[PDB]
$ cat model.cif   # mmCIF, N, CA and C atoms
data_structure
loop_
_atom_site.label_atom_id
_atom_site.label_comp_id
_atom_site.auth_asym_id
_atom_site.auth_seq_id
_atom_site.Cartn_x
_atom_site.Cartn_y
_atom_site.Cartn_z
N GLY A 1 -11.78 21.63 -9.44
CA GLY A 1 -11.43 20.22 -9.67
C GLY A 1 -12.50 19.34 -9.08
N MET A 2 -12.16 18.53 -8.08
CA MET A 2 -13.09 17.65 -7.39
C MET A 2 -12.82 17.71 -5.88
N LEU A 3 -13.71 17.11 -5.09
CA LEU A 3 -13.60 17.06 -3.64
C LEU A 3 -14.14 15.71 -3.16
N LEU A 4 -13.29 14.69 -3.23
CA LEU A 4 -13.57 13.35 -2.70
C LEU A 4 -13.45 13.41 -1.16
N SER A 5 -13.77 12.31 -0.47
CA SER A 5 -13.52 12.17 0.97
C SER A 5 -13.05 10.75 1.26
N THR A 6 -12.63 10.49 2.50
CA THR A 6 -12.13 9.19 2.91
C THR A 6 -13.18 8.10 2.68
N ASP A 7 -14.41 8.32 3.17
CA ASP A 7 -15.53 7.38 2.99
C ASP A 7 -15.78 7.10 1.51
N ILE A 8 -15.63 8.11 0.66
CA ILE A 8 -15.94 8.01 -0.76
C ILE A 8 -15.03 6.98 -1.43
N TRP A 9 -13.72 7.07 -1.18
CA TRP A 9 -12.78 6.14 -1.79
C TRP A 9 -13.03 4.74 -1.27
N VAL A 10 -13.17 4.57 0.05
CA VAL A 10 -13.38 3.25 0.62
C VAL A 10 -14.70 2.65 0.12
N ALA A 11 -15.72 3.47 -0.18
CA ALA A 11 -16.93 3.00 -0.82
C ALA A 11 -16.62 2.47 -2.22
N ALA A 12 -16.02 3.31 -3.06
CA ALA A 12 -15.77 3.04 -4.46
C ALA A 12 -14.89 1.80 -4.60
N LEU A 13 -13.74 1.80 -3.92
CA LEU A 13 -12.74 0.75 -3.86
C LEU A 13 -13.36 -0.62 -3.58
N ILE A 14 -14.19 -0.73 -2.54
CA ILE A 14 -14.84 -2.00 -2.22
C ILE A 14 -15.68 -2.47 -3.40
N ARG A 15 -16.45 -1.56 -3.98
CA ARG A 15 -17.38 -1.90 -5.05
C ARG A 15 -16.63 -2.49 -6.24
N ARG A 16 -15.58 -1.83 -6.72
CA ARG A 16 -14.75 -2.29 -7.84
C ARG A 16 -13.99 -3.58 -7.52
N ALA A 17 -13.46 -3.71 -6.30
CA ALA A 17 -12.70 -4.89 -5.91
C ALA A 17 -13.57 -6.14 -5.93
N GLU A 18 -14.75 -6.06 -5.31
CA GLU A 18 -15.75 -7.11 -5.33
C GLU A 18 -16.16 -7.43 -6.77
N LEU A 19 -16.27 -6.41 -7.63
CA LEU A 19 -16.61 -6.54 -9.05
C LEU A 19 -15.63 -7.44 -9.78
N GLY A 20 -14.34 -7.29 -9.49
CA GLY A 20 -13.30 -8.16 -10.02
C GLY A 20 -13.46 -9.61 -9.53
N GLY A 21 -14.07 -9.81 -8.36
CA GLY A 21 -14.19 -11.10 -7.71
C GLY A 21 -13.17 -11.27 -6.59
N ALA A 22 -12.90 -10.22 -5.81
CA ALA A 22 -12.16 -10.31 -4.55
C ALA A 22 -13.14 -10.44 -3.39
N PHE A 23 -12.66 -10.96 -2.26
CA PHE A 23 -13.31 -10.79 -0.97
C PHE A 23 -12.75 -9.51 -0.34
N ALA A 24 -13.22 -8.37 -0.83
CA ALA A 24 -12.81 -7.08 -0.30
C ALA A 24 -13.72 -6.71 0.85
N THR A 25 -13.22 -5.99 1.85
CA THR A 25 -14.05 -5.35 2.86
C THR A 25 -13.29 -4.20 3.52
N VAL A 26 -14.02 -3.35 4.23
CA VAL A 26 -13.46 -2.32 5.09
C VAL A 26 -13.34 -2.93 6.48
N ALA A 27 -12.18 -2.76 7.11
CA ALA A 27 -11.83 -3.36 8.39
C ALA A 27 -11.55 -2.30 9.46
N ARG A 28 -11.66 -1.02 9.13
CA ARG A 28 -11.52 0.10 10.07
C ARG A 28 -12.16 1.31 9.42
N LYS A 29 -12.82 2.16 10.20
CA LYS A 29 -13.57 3.31 9.69
C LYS A 29 -13.12 4.54 10.47
N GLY A 30 -12.09 5.18 9.93
CA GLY A 30 -11.59 6.45 10.40
C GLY A 30 -12.57 7.58 10.10
N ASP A 31 -12.06 8.81 10.08
CA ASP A 31 -12.87 9.99 9.82
C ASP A 31 -13.42 9.93 8.40
N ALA A 32 -14.71 10.23 8.18
CA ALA A 32 -15.28 10.21 6.84
C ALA A 32 -14.86 11.41 5.98
N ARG A 33 -14.34 12.49 6.58
CA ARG A 33 -13.75 13.62 5.87
C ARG A 33 -12.23 13.53 5.91
N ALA A 34 -11.65 13.38 7.10
CA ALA A 34 -10.25 13.72 7.36
C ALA A 34 -9.51 12.56 8.02
N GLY A 35 -9.72 11.37 7.47
CA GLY A 35 -9.11 10.14 7.93
C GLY A 35 -8.17 9.64 6.85
N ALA A 36 -7.12 8.94 7.27
CA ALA A 36 -6.17 8.30 6.37
C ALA A 36 -6.69 6.92 5.95
N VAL A 37 -6.01 6.22 5.04
CA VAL A 37 -6.43 4.91 4.53
C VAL A 37 -5.22 3.99 4.34
N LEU A 38 -5.38 2.72 4.73
CA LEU A 38 -4.50 1.61 4.36
C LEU A 38 -5.20 0.72 3.34
N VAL A 39 -4.42 0.04 2.50
CA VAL A 39 -4.93 -0.95 1.55
C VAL A 39 -4.00 -2.16 1.55
N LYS A 40 -4.42 -3.28 2.13
CA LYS A 40 -3.69 -4.54 2.08
C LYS A 40 -4.25 -5.36 0.91
N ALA A 41 -3.39 -6.16 0.28
CA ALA A 41 -3.66 -6.86 -0.97
C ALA A 41 -3.08 -8.26 -0.82
N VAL A 42 -3.94 -9.27 -0.66
CA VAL A 42 -3.53 -10.62 -0.31
C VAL A 42 -3.88 -11.51 -1.50
N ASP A 43 -2.87 -12.14 -2.10
CA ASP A 43 -3.00 -13.04 -3.23
C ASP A 43 -3.17 -14.47 -2.72
N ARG A 44 -4.40 -14.92 -2.47
CA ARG A 44 -4.65 -16.30 -2.04
C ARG A 44 -4.55 -17.29 -3.21
N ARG A 45 -4.27 -16.85 -4.45
CA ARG A 45 -4.14 -17.76 -5.58
C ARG A 45 -2.75 -18.38 -5.53
N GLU A 46 -1.73 -17.53 -5.51
CA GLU A 46 -0.32 -17.91 -5.43
C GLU A 46 0.10 -18.16 -3.99
N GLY A 47 -0.60 -17.58 -3.01
CA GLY A 47 -0.19 -17.63 -1.62
C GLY A 47 0.86 -16.56 -1.33
N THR A 48 0.67 -15.34 -1.83
CA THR A 48 1.50 -14.16 -1.56
C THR A 48 0.67 -13.02 -0.96
N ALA A 49 1.27 -11.89 -0.57
CA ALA A 49 0.57 -10.69 -0.13
C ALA A 49 1.45 -9.45 -0.33
N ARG A 50 0.86 -8.26 -0.17
CA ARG A 50 1.50 -6.96 -0.05
C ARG A 50 0.62 -6.03 0.78
N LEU A 51 1.16 -4.89 1.21
CA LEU A 51 0.40 -3.90 1.98
C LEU A 51 0.84 -2.51 1.57
N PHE A 52 -0.14 -1.63 1.36
CA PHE A 52 0.08 -0.28 0.89
C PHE A 52 -0.52 0.69 1.91
N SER A 53 0.05 1.88 1.98
CA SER A 53 -0.38 3.02 2.78
C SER A 53 -0.48 4.18 1.81
N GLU A 54 -1.31 5.17 2.12
CA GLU A 54 -1.23 6.44 1.43
C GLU A 54 0.14 7.09 1.73
N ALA A 55 0.50 8.08 0.92
CA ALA A 55 1.52 9.06 1.20
C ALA A 55 1.20 10.29 0.37
N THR A 56 1.86 11.40 0.69
CA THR A 56 1.69 12.66 0.01
C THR A 56 3.04 13.33 -0.22
N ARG A 57 3.05 14.23 -1.20
CA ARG A 57 4.25 14.93 -1.64
C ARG A 57 4.30 16.32 -1.02
N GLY A 58 5.33 17.08 -1.40
CA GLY A 58 5.48 18.47 -1.02
C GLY A 58 4.20 19.25 -1.28
N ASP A 59 3.51 18.98 -2.38
CA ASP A 59 2.28 19.68 -2.77
C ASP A 59 1.00 19.11 -2.15
N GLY A 60 1.10 18.02 -1.38
CA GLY A 60 -0.07 17.25 -0.96
C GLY A 60 -0.56 16.30 -2.05
N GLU A 61 0.23 16.15 -3.12
CA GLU A 61 -0.04 15.26 -4.24
C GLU A 61 0.08 13.82 -3.73
N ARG A 62 -0.91 12.96 -3.95
CA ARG A 62 -1.04 11.69 -3.22
C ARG A 62 -0.70 10.48 -4.08
N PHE A 63 -0.25 9.41 -3.43
CA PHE A 63 0.12 8.12 -4.01
C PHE A 63 -0.11 7.01 -2.98
N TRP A 64 -0.08 5.75 -3.43
CA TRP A 64 -0.09 4.57 -2.58
C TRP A 64 1.32 3.99 -2.54
N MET A 65 2.05 4.21 -1.46
CA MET A 65 3.34 3.56 -1.25
C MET A 65 3.16 2.26 -0.47
N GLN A 66 4.25 1.51 -0.26
CA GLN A 66 4.26 0.29 0.54
C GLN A 66 5.35 0.40 1.62
N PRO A 67 5.06 1.02 2.77
CA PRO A 67 6.03 1.28 3.84
C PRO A 67 6.47 0.03 4.62
N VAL A 68 6.04 -1.17 4.24
CA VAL A 68 6.44 -2.43 4.86
C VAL A 68 6.95 -3.35 3.76
N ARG A 69 8.27 -3.27 3.59
CA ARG A 69 9.11 -4.08 2.71
C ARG A 69 9.32 -5.49 3.28
N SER A 70 8.23 -6.16 3.60
CA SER A 70 8.19 -7.58 3.88
C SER A 70 7.01 -8.14 3.09
N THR A 71 7.00 -9.45 2.92
CA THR A 71 5.91 -10.20 2.32
C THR A 71 5.34 -11.18 3.37
N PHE A 72 5.95 -11.28 4.56
CA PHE A 72 5.47 -12.16 5.62
C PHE A 72 4.13 -11.65 6.14
N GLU A 73 3.17 -12.55 6.15
CA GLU A 73 1.78 -12.35 6.53
C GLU A 73 1.61 -11.60 7.87
N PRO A 74 2.24 -11.99 9.00
CA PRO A 74 2.09 -11.25 10.25
C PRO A 74 2.73 -9.86 10.20
N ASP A 75 3.80 -9.66 9.42
CA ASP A 75 4.49 -8.37 9.34
C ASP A 75 3.54 -7.35 8.73
N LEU A 76 2.80 -7.82 7.73
CA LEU A 76 1.81 -7.06 7.00
C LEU A 76 0.63 -6.79 7.93
N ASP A 77 -0.05 -7.83 8.42
CA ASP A 77 -1.27 -7.62 9.20
C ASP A 77 -1.02 -6.77 10.45
N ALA A 78 0.18 -6.86 11.04
CA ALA A 78 0.59 -6.02 12.15
C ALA A 78 0.64 -4.53 11.78
N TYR A 79 0.99 -4.16 10.54
CA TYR A 79 1.01 -2.75 10.13
C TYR A 79 -0.38 -2.12 10.33
N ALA A 80 -1.42 -2.85 9.92
CA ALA A 80 -2.81 -2.40 9.99
C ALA A 80 -3.41 -2.40 11.41
N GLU A 81 -2.63 -2.78 12.42
CA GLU A 81 -2.85 -2.36 13.79
C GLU A 81 -1.97 -1.13 14.05
N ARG A 82 -0.66 -1.25 13.78
CA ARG A 82 0.39 -0.33 14.18
C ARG A 82 0.00 1.10 13.87
N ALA A 83 -0.41 1.35 12.63
CA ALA A 83 -0.67 2.68 12.13
C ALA A 83 -1.67 3.41 13.00
N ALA A 84 -2.74 2.72 13.38
CA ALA A 84 -3.86 3.32 14.07
C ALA A 84 -3.52 3.74 15.51
N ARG A 85 -2.33 3.38 16.01
CA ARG A 85 -1.90 3.76 17.35
C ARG A 85 -1.21 5.12 17.36
N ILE A 86 -0.98 5.71 16.19
CA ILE A 86 -0.40 7.04 16.03
C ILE A 86 -1.25 7.88 15.06
N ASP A 87 -1.87 7.28 14.03
CA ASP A 87 -2.76 8.02 13.14
C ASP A 87 -4.09 8.27 13.84
N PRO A 88 -4.71 9.44 13.59
CA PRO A 88 -5.76 9.99 14.45
C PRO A 88 -7.08 9.25 14.28
N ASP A 89 -7.37 8.79 13.06
CA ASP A 89 -8.53 7.98 12.73
C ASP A 89 -8.32 7.49 11.30
N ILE A 90 -7.80 6.28 11.16
CA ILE A 90 -7.34 5.72 9.89
C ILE A 90 -8.20 4.52 9.51
N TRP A 91 -8.56 4.46 8.24
CA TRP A 91 -9.32 3.39 7.63
C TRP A 91 -8.38 2.26 7.23
N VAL A 92 -8.93 1.07 7.04
CA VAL A 92 -8.23 -0.14 6.64
C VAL A 92 -9.15 -0.78 5.61
N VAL A 93 -8.63 -1.06 4.42
CA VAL A 93 -9.37 -1.75 3.38
C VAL A 93 -8.53 -2.96 2.98
N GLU A 94 -9.19 -4.09 2.84
CA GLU A 94 -8.59 -5.40 2.72
C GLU A 94 -9.10 -5.98 1.40
N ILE A 95 -8.20 -6.42 0.51
CA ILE A 95 -8.54 -6.94 -0.81
C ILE A 95 -7.95 -8.35 -0.93
N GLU A 96 -8.68 -9.37 -0.46
CA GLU A 96 -8.36 -10.77 -0.74
C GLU A 96 -8.75 -11.07 -2.19
N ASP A 97 -7.86 -10.75 -3.14
CA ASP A 97 -8.05 -10.93 -4.58
C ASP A 97 -7.62 -12.33 -5.02
N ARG A 98 -7.78 -12.65 -6.30
CA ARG A 98 -6.97 -13.66 -6.94
C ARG A 98 -5.59 -13.08 -7.13
N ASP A 99 -5.37 -12.33 -8.20
CA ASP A 99 -4.05 -12.09 -8.78
C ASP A 99 -3.35 -10.89 -8.13
N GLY A 100 -3.44 -10.81 -6.79
CA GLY A 100 -2.91 -9.74 -5.95
C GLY A 100 -3.42 -8.36 -6.35
N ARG A 101 -4.59 -8.27 -7.00
CA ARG A 101 -5.11 -7.01 -7.51
C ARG A 101 -5.56 -6.13 -6.36
N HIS A 102 -5.70 -4.84 -6.68
CA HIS A 102 -5.84 -3.76 -5.72
C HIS A 102 -7.02 -2.87 -6.08
N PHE A 103 -7.40 -2.78 -7.37
CA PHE A 103 -8.59 -2.07 -7.85
C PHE A 103 -8.64 -0.56 -7.51
N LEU A 104 -7.54 -0.01 -6.98
CA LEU A 104 -7.37 1.40 -6.65
C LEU A 104 -7.42 2.26 -7.91
N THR A 105 -8.05 3.43 -7.82
CA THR A 105 -8.20 4.37 -8.93
C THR A 105 -6.93 5.22 -9.18
N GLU A 106 -5.86 5.02 -8.40
CA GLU A 106 -4.78 5.99 -8.15
C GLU A 106 -3.40 5.38 -8.41
N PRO A 107 -2.34 6.20 -8.52
CA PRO A 107 -0.96 5.75 -8.65
C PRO A 107 -0.50 4.96 -7.43
N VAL A 108 0.22 3.86 -7.67
CA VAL A 108 0.69 2.96 -6.65
C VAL A 108 2.11 2.47 -6.96
N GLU A 109 2.94 2.49 -5.92
CA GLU A 109 4.36 2.21 -5.90
C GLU A 109 4.65 0.75 -5.57
N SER A 110 5.94 0.40 -5.60
CA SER A 110 6.41 -0.97 -5.52
C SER A 110 7.66 -1.02 -4.65
#
$ encode --input "model.cif" --output "structure tokens"
Amino acid sequence: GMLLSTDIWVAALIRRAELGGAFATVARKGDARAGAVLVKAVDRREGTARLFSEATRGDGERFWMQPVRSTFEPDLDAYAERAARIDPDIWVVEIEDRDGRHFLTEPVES
């Protein structure tokens, strides 16, 4: 199949997000092989936001879930501190888009 890495997705993701016309950036740099990833998505057009985390299935089959069922700005931004106090080396990617876009190559939940 293929063999991506943590750095690879955060590279690709930033490039595509900026391409759409977001102020995307990486805000934490976990392990380049074996690090987890967060993706926050802030809609400055409407004045809304959301926040996504990776998750995996029984098979290690991966998705982007949203483990913070709030839309309040501090509740969200606090997650992207919180996680890193228990996750071993976790990345943070921030997508200040227009239309709350995420530019992720992968399945994402609601």
$ closest_residue --input "model.cif" --among "A:85, A:13, A:39, A:46" --to "residue 105 of chain A" --atoms "all atoms listed in the file"
A:13
$ select_by_dssp --input "model.cif" --residues "segment 57-95 of chain A" --states "strand (DSSP E)" --output "PyMOL selection string"
chain A and resi 62-65+90-95
$ residues_around --input "model.cif" --residues "segment 19-32 of chain A" --least-positions-apart "3" --cutoff "7 Å" --atoms "all atoms listed in the file" --output "PDB file with N, CA and C atoms, in the frame of the given file"
ATOM      1  N   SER A   5     -13.770  12.310  -0.470  1.00  0.00           N
ATOM      2  CA  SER A   5     -13.520  12.170   0.970  1.00  0.00           C
ATOM      3  C   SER A   5     -13.050  10.750   1.260  1.00  0.00           C
ATOM      4  N   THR A   6     -12.630  10.490   2.500  1.00  0.00           N
ATOM      5  CA  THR A   6     -12.130   9.190   2.910  1.00  0.00           C
ATOM      6  C   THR A   6     -13.180   8.100   2.680  1.00  0.00           C
ATOM      7  N   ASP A   7     -14.410   8.320   3.170  1.00  0.00           N
ATOM      8  CA  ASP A   7     -15.530   7.380   2.990  1.00  0.00           C
ATOM      9  C   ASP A   7     -15.780   7.100   1.510  1.00  0.00           C
ATOM     10  N   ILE A   8     -15.630   8.110   0.660  1.00  0.00           N
ATOM     11  CA  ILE A   8     -15.940   8.010  -0.760  1.00  0.00           C
ATOM     12  C   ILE A   8     -15.030   6.980  -1.430  1.00  0.00           C
ATOM     13  N   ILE A  14     -14.190  -0.730  -2.540  1.00  0.00           N
ATOM     14  CA  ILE A  14     -14.840  -2.000  -2.220  1.00  0.00           C
ATOM     15  C   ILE A  14     -15.680  -2.470  -3.400  1.00  0.00           C
ATOM     16  N   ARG A  15     -16.450  -1.560  -3.980  1.00  0.00           N
ATOM     17  CA  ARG A  15     -17.380  -1.900  -5.050  1.00  0.00           C
ATOM     18  C   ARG A  15     -16.630  -2.490  -6.240  1.00  0.00           C
ATOM     19  N   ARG A  16     -15.580  -1.830  -6.720  1.00  0.00           N
ATOM     20  CA  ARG A  16     -14.750  -2.290  -7.840  1.00  0.00           C
ATOM     21  C   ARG A  16     -13.990  -3.580  -7.520  1.00  0.00           C
ATOM     22  N   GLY A  35      -9.720  11.370   7.470  1.00  0.00           N
ATOM     23  CA  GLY A  35      -9.110  10.140   7.930  1.00  0.00           C
ATOM     24  C   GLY A  35      -8.170   9.640   6.850  1.00  0.00           C
ATOM     25  N   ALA A  36      -7.120   8.940   7.270  1.00  0.00           N
ATOM     26  CA  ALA A  36      -6.170   8.300   6.370  1.00  0.00           C
ATOM     27  C   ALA A  36      -6.690   6.920   5.950  1.00  0.00           C
ATOM     28  N   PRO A  88      -4.710   9.440  13.590  1.00  0.00           N
ATOM     29  CA  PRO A  88      -5.760   9.990  14.450  1.00  0.00           C
ATOM     30  C   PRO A  88      -7.080   9.250  14.280  1.00  0.00           C
ATOM     31  N   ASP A  89      -7.370   8.790  13.060  1.00  0.00           N
ATOM     32  CA  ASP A  89      -8.530   7.980  12.730  1.00  0.00           C
ATOM     33  C   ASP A  89      -8.320   7.490  11.300  1.00  0.00           C
ATOM     34  N   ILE A  90      -7.800   6.280  11.160  1.00  0.00           N
ATOM     35  CA  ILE A  90      -7.340   5.720   9.890  1.00  0.00           C
ATOM     36  C   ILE A  90      -8.200   4.520   9.510  1.00  0.00           C
ATOM     37  N   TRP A  91      -8.560   4.460   8.240  1.00  0.00           N
ATOM     38  CA  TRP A  91      -9.320   3.390   7.630  1.00  0.00           C
ATOM     39  C   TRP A  91      -8.380   2.260   7.230  1.00  0.00           C
ATOM     40  N   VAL A  92      -8.930   1.070   7.040  1.00  0.00           N
ATOM     41  CA  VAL A  92      -8.230  -0.140   6.640  1.00  0.00           C
ATOM     42  C   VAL A  92      -9.150  -0.780   5.610  1.00  0.00           C
ATOM     43  N   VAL A  93      -8.630  -1.060   4.420  1.00  0.00           N
ATOM     44  CA  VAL A  93      -9.370  -1.750   3.380  1.00  0.00           C
ATOM     45  C   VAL A  93      -8.530  -2.960   2.980  1.00  0.00           C
ATOM     46  N   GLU A  94      -9.190  -4.090   2.840  1.00  0.00           N
ATOM     47  CA  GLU A  94      -8.590  -5.400   2.720  1.00  0.00           C
ATOM     48  C   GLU A  94      -9.100  -5.980   1.400  1.00  0.00           C
ATOM     49  N   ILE A  95      -8.200  -6.420   0.510  1.00  0.00           N
ATOM     50  CA  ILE A  95      -8.540  -6.940  -0.810  1.00  0.00           C
ATOM     51  C   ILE A  95      -7.950  -8.350  -0.930  1.00  0.00           C
ATOM     52  N   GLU A  96      -8.680  -9.370  -0.460  1.00  0.00           N
ATOM     53  CA  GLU A  96      -8.360 -10.770  -0.740  1.00  0.00           C
ATOM     54  C   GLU A  96      -8.750 -11.070  -2.190  1.00  0.00           C
ATOM     55  N   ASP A  97      -7.860 -10.750  -3.140  1.00  0.00           N
ATOM     56  CA  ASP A  97      -8.050 -10.930  -4.580  1.00  0.00           C
ATOM     57  C   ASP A  97      -7.620 -12.330  -5.020  1.00  0.00           C
ATOM     58  N   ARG A  98      -7.780 -12.650  -6.300  1.00  0.00           N
ATOM     59  CA  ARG A  98      -6.970 -13.660  -6.940  1.00  0.00           C
ATOM     60  C   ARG A  98      -5.590 -13.080  -7.130  1.00  0.00           C
TER      61      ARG A  98
END
$ atom_distance --input "model.cif" --atom1 "atom CA of residue 76 of chain A" --atom2 "atom CA of residue 4 of chain A"
27.3 Å
$ closest_residue --input "model.cif" --among "A:40, A:101, A:61, A:108" --to "residue 75 of chain A" --atoms "only C-alpha atoms"
A:40
$ atom_distance --input "model.cif" --atom1 "atom N of residue 68 of chain A" --atom2 "atom N of residue 110 of chain A"
10.0 Å
$ residues_around --input "model.cif" --residues "segment 47-57 of chain A" --least-positions-apart "3" --cutoff "8 Å" --atoms "all atoms listed in the file" --output "list in words"
residues 36, 37, 38, 39, 40, 41, 42, 43, 44, 60, 61, 62, 63, 64, 65, 66, 67, 68, 69, 70, 71, 72, 73, 76, 77, 98, 100 and 109 of chain A
$ write_last_selection --input "model.cif" --atoms "N, CA and C atoms" --output "PDB file, keeping the file's coordinate frame"
ATOM      1  N   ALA A  36      -7.120   8.940   7.270  1.00  0.00           N
ATOM      2  CA  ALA A  36      -6.170   8.300   6.370  1.00  0.00           C
ATOM      3  C   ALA A  36      -6.690   6.920   5.950  1.00  0.00           C
ATOM      4  N   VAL A  37      -6.010   6.220   5.040  1.00  0.00           N
ATOM      5  CA  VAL A  37      -6.430   4.910   4.530  1.00  0.00           C
ATOM      6  C   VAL A  37      -5.220   3.990   4.340  1.00  0.00           C
ATOM      7  N   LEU A  38      -5.380   2.720   4.730  1.00  0.00           N
ATOM      8  CA  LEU A  38      -4.500   1.610   4.360  1.00  0.00           C
ATOM      9  C   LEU A  38      -5.200   0.720   3.340  1.00  0.00           C
ATOM     10  N   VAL A  39      -4.420   0.040   2.500  1.00  0.00           N
ATOM     11  CA  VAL A  39      -4.930  -0.950   1.550  1.00  0.00           C
ATOM     12  C   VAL A  39      -4.000  -2.160   1.550  1.00  0.00           C
ATOM     13  N   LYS A  40      -4.420  -3.280   2.130  1.00  0.00           N
ATOM     14  CA  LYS A  40      -3.690  -4.540   2.080  1.00  0.00           C
ATOM     15  C   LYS A  40      -4.250  -5.360   0.910  1.00  0.00           C
ATOM     16  N   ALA A  41      -3.390  -6.160   0.280  1.00  0.00           N
ATOM     17  CA  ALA A  41      -3.660  -6.860  -0.970  1.00  0.00           C
ATOM     18  C   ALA A  41      -3.080  -8.260  -0.820  1.00  0.00           C
ATOM     19  N   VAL A  42      -3.940  -9.270  -0.660  1.00  0.00           N
ATOM     20  CA  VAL A  42      -3.530 -10.620  -0.310  1.00  0.00           C
ATOM     21  C   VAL A  42      -3.880 -11.510  -1.500  1.00  0.00           C
ATOM     22  N   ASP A  43      -2.870 -12.140  -2.100  1.00  0.00           N
ATOM     23  CA  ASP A  43      -3.000 -13.040  -3.230  1.00  0.00           C
ATOM     24  C   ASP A  43      -3.170 -14.470  -2.720  1.00  0.00           C
ATOM     25  N   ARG A  44      -4.400 -14.920  -2.470  1.00  0.00           N
ATOM     26  CA  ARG A  44      -4.650 -16.300  -2.040  1.00  0.00           C
ATOM     27  C   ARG A  44      -4.550 -17.290  -3.210  1.00  0.00           C
ATOM     28  N   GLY A  60       1.100  18.020  -1.380  1.00  0.00           N
ATOM     29  CA  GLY A  60      -0.070  17.250  -0.960  1.00  0.00           C
ATOM     30  C   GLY A  60      -0.560  16.300  -2.050  1.00  0.00           C
ATOM     31  N   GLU A  61       0.230  16.150  -3.120  1.00  0.00           N
ATOM     32  CA  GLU A  61      -0.040  15.260  -4.240  1.00  0.00           C
ATOM     33  C   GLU A  61       0.080  13.820  -3.730  1.00  0.00           C
ATOM     34  N   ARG A  62      -0.910  12.960  -3.950  1.00  0.00           N
ATOM     35  CA  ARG A  62      -1.040  11.690  -3.220  1.00  0.00           C
ATOM     36  C   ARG A  62      -0.700  10.480  -4.080  1.00  0.00           C
ATOM     37  N   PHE A  63      -0.250   9.410  -3.430  1.00  0.00           N
ATOM     38  CA  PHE A  63       0.120   8.120  -4.010  1.00  0.00           C
ATOM     39  C   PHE A  63      -0.110   7.010  -2.980  1.00  0.00           C
ATOM     40  N   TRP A  64      -0.080   5.750  -3.430  1.00  0.00           N
ATOM     41  CA  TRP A  64      -0.090   4.570  -2.580  1.00  0.00           C
ATOM     42  C   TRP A  64       1.320   3.990  -2.540  1.00  0.00           C
ATOM     43  N   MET A  65       2.050   4.210  -1.460  1.00  0.00           N
ATOM     44  CA  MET A  65       3.340   3.560  -1.250  1.00  0.00           C
ATOM     45  C   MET A  65       3.160   2.260  -0.470  1.00  0.00           C
ATOM     46  N   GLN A  66       4.250   1.510  -0.260  1.00  0.00           N
ATOM     47  CA  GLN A  66       4.260   0.290   0.540  1.00  0.00           C
ATOM     48  C   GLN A  66       5.350   0.400   1.620  1.00  0.00           C
ATOM     49  N   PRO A  67       5.060   1.020   2.770  1.00  0.00           N
ATOM     50  CA  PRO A  67       6.030   1.280   3.840  1.00  0.00           C
ATOM     51  C   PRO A  67       6.470   0.030   4.620  1.00  0.00           C
ATOM     52  N   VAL A  68       6.040  -1.170   4.240  1.00  0.00           N
ATOM     53  CA  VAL A  68       6.440  -2.430   4.860  1.00  0.00           C
ATOM     54  C   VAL A  68       6.950  -3.350   3.760  1.00  0.00           C
ATOM     55  N   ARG A  69       8.270  -3.270   3.590  1.00  0.00           N
ATOM     56  CA  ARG A  69       9.110  -4.080   2.710  1.00  0.00           C
ATOM     57  C   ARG A  69       9.320  -5.490   3.280  1.00  0.00           C
ATOM     58  N   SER A  70       8.230  -6.160   3.600  1.00  0.00           N
ATOM     59  CA  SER A  70       8.190  -7.580   3.880  1.00  0.00           C
ATOM     60  C   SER A  70       7.010  -8.140   3.090  1.00  0.00           C
ATOM     61  N   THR A  71       7.000  -9.450   2.920  1.00  0.00           N
ATOM     62  CA  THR A  71       5.910 -10.200   2.320  1.00  0.00           C
ATOM     63  C   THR A  71       5.340 -11.180   3.370  1.00  0.00           C
ATOM     64  N   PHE A  72       5.950 -11.280   4.560  1.00  0.00           N
ATOM     65  CA  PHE A  72       5.470 -12.160   5.620  1.00  0.00           C
ATOM     66  C   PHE A  72       4.130 -11.650   6.140  1.00  0.00           C
ATOM     67  N   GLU A  73       3.170 -12.550   6.150  1.00  0.00           N
ATOM     68  CA  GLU A  73       1.780 -12.350   6.530  1.00  0.00           C
ATOM     69  C   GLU A  73       1.610 -11.600   7.870  1.00  0.00           C
ATOM     70  N   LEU A  76       2.800  -7.820   7.730  1.00  0.00           N
ATOM     71  CA  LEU A  76       1.810  -7.060   7.000  1.00  0.00           C
ATOM     72  C   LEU A  76       0.630  -6.790   7.930  1.00  0.00           C
ATOM     73  N   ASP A  77      -0.050  -7.830   8.420  1.00  0.00           N
ATOM     74  CA  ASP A  77      -1.270  -7.620   9.200  1.00  0.00           C
ATOM     75  C   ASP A  77      -1.020  -6.770  10.450  1.00  0.00           C
ATOM     76  N   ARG A  98      -7.780 -12.650  -6.300  1.00  0.00           N
ATOM     77  CA  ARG A  98      -6.970 -13.660  -6.940  1.00  0.00           C
ATOM     78  C   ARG A  98      -5.590 -13.080  -7.130  1.00  0.00           C
ATOM     79  N   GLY A 100      -3.440 -10.810  -6.790  1.00  0.00           N
ATOM     80  CA  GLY A 100      -2.910  -9.740  -5.950  1.00  0.00           C
ATOM     81  C   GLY A 100      -3.420  -8.360  -6.350  1.00  0.00           C
ATOM     82  N   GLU A 109       2.940   2.490  -5.920  1.00  0.00           N
ATOM     83  CA  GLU A 109       4.360   2.210  -5.900  1.00  0.00           C
ATOM     84  C   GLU A 109       4.650   0.750  -5.570  1.00  0.00           C
TER      85      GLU A 109
END
$ atom_distance --input "model.cif" --atom1 "atom CA of residue 84 of chain A" --atom2 "atom C of residue 9 of chain A"
17.9 Å
$ select_by_dssp --input "model.cif" --residues "chain A" --states "alpha helix (DSSP H)" --output "list in words"
residues 6, 7, 8, 9, 10, 11, 12, 13, 14, 15, 16, 17, 18, 19, 20, 73, 74, 75, 76, 77, 78, 79, 80, 81 and 82 of chain A
